[PDB]
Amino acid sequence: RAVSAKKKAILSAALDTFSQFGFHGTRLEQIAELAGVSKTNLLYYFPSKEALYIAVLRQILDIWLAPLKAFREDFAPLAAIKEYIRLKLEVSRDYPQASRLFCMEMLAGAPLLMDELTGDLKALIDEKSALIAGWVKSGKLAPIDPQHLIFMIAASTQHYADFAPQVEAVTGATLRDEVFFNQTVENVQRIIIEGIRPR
């Protein structure tokens, strides 16, 4: 539908522009241009830059939360962990803009995202941490702290998007190279699962 196509285009154009230039650096003229709509039209859907930035971040949180649902009581623990890693790397491959802007927002103190971090994201991480604790407690995983394990996977998988140019300077590849994508998944899993001490 026309109305929804427009606002889908505004949100997507805004994500690209805000991650490229930051909040303060971004102007609404640009987002409108890229979305192929008038400014008054953009203002109709989103009555200020701050309103639109917020909607964008809410969309990014959703993208961000989704992978954690790989932590299910019905998956074998290592399959869950492998899937969480894979899903997170898919985010870095497919939504690097989102990953980047999320990074930029966190670096600024999370001035607009603090509420979400103390709410749903925390709730979800506490929930999955408890689940992993039970896998540890029952001997299906080695004795490790679940919060540190989740942060490590998050940090490691996100790095490939956020710092893709640095990774490319060193490796000669990005996650858009499917061989590099496969190697990356394989190595992050292999390191976290098997460890680097020989078995």
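Each residue number is its position in the shown sequence, starting from 1.
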Between the two ranges 155 to 163 and 30 to 38, the one averaging a larger CA B factor in the entry: 30 to 38
For the higher mean C-alpha B factor in the entry, choose 59 to 67 or 146 to 154. 59 to 67
Among the chain's modelled residues, which third holds the C-alpha B-factor of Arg72? highest
Sorting the chain's modelled residues by C-alpha B-factor, tell me whether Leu52 ends up in the lowest, middle or highest third. lowest
Could you look up the Cα B-factor of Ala173 in the entry and say which third of the chain it sits in: lowest, middle or highest? middle
Within-chain third of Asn187 by Cα B-factor, per the entry: lowest
Taking the chain's C-alpha temperature factors as the reference, tell me which third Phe21 falls into: lowest, middle or highest. highest
